[PDB]
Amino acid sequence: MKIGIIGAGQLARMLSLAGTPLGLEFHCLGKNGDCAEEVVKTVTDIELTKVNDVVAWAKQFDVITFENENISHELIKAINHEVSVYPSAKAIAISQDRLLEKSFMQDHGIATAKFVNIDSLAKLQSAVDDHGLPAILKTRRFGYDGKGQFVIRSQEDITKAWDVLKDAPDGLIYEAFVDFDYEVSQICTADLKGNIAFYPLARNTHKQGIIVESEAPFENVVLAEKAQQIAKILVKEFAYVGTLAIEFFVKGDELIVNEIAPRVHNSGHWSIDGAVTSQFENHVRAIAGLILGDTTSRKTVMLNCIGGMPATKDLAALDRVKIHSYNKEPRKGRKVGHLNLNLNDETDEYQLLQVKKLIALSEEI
């Protein structure tokens, strides 16, 4: 069986690393010299606006998936008529636009921040009038790592936020500021028949809008049950196949959906070394029409390497640390790898402190 992946970045790289032992063959649409190239059969560089060329490429294979939900859902629909793509064009359309995403949650009784579509300064003033400060003005599309956002903390900031973000061609959303204690994510995988394999919750640490740490299992049965029930709604309504990621704000026993990603996600990277079947192996099993792997998990912390990464010789000296370099060119803010560590004892805690020392030296956000 041949699997095509739209994108040749680190998610594609890790999908192939996980799926290749299953005896599957991987092909990417992307740039030669992107980091998945050395671990897949072929990489083909086709401009995504050339729909017919993309469809022709995809038809060479048995099933297609993608690493970035910002791609055209109309493109996915065109491919999916000729060869299966998972997950769905609907999941892409909804997840890639903050307003559509929030409206979808609202329609299905799923809690989120209060939100308003913003198409003018007057509309923004009304939103602040209706829903209050503090608040965040965000681009509806293409935001990542907290980019394209302006936190409004005063009346004065309203005009300032509008002036900064008004020219976003795909529009803007007002979000009420959520007072939460911490953040967690639910990753799960759904197969062709709608069966879902759940991972435990992971608690995620952010700095300057970028995830820097993720730790699982976050043990809280009330929260886990709520997160699973939300995931079940999304899987059903999207007719979803593959790994799905849901990010939440937590306030006490209350879960508030922040956003979703219809793909393997940074907050599940711990599962490479902490679950019987990682989020990557399970995404591949799902789309390949295979039964999902067991997801029994053990305590694991994942640390991101942003803007740089410690020298391999220094990492290797911490002999329990599992190294995941993506072999990417370092640049400010760029995710170039991560480190996983199972946490069982004091030696593990020591190695974790050492990893943190090294990351402090290499990080550039």
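Think of the rigid core as the biggest set of C-alphas that the two forms share within 1.5 Å after superposition. Position 1 is the first residue in the sequence shown; the rest follow in order.
S.K.: Between 108-116 and 161-169, which has its CA atoms farther from the current form in 4 other deposited structures of this protein, using a rigid core superposition?
M.R.: It is 161-169 that deviates more in 4 other deposited structures of this protein.
S.K.: Superpose on the core, then say which of 210-218 and 140-148 ends up with the larger RMS Cα offset from this form in 4 other deposited structures of this protein.
M.R.: Of 140-148 and 210-218, the stretch deviating more in 4 other deposited structures of this protein is 140-148.
S.K.: Can you tell me which stretch has the higher mean Cα B-factor, 63-71 or 323-331?
M.R.: 323-331 has the higher mean C-alpha B-factor.
S.K.: Would 284-292 or 113-121 have the larger average of its C-alpha temperature factors, as given in the entry?
M.R.: Taking the mean C-alpha B-factor of 284-292 and of 113-121, the larger value falls to 113-121.
S.K.: Select one of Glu183, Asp97, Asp157, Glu82: the residue whose C-alpha shows the highest B-factor in the crystal structure entry.
M.R.: Most elevated C-alpha B-factor of the set, per the entry: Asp157.
S.K.: Considering only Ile187, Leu192, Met105, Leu223, which residue's Cα atom bears the greatest B-factor as recorded?
M.R.: It is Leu223.
S.K.: Quick check for you: using the entry's CA B-factors within this chain, is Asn258 in the lowest, middle or highest third?
M.R.: Middle third, going by the recorded CA B-factors of the chain.
S.K.: How does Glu247 rank on Cα B-factor within its chain, lowest, middle or highest third?
M.R.: Lowest third.
S.K.: Just say lowest, middle or highest third for the CA B-factor of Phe218 relative to the other modelled residues in its chain.
M.R.: Its C-alpha B-factor, which the entry lists for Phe218, ranks in the middle third among residues of this chain.
S.K.: Compared with the other modelled residues in the chain, in which third is the CA B-factor of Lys236?
M.R.: Tercile = highest for this residue's CA B-factor.
S.K.: Ranking every modelled residue in this chain by its Cα temperature factor as given in the entry, which third contains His265?
M.R.: Within its chain, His265 is a lowest-third residue by C-alpha B-factor, going by the deposited values.
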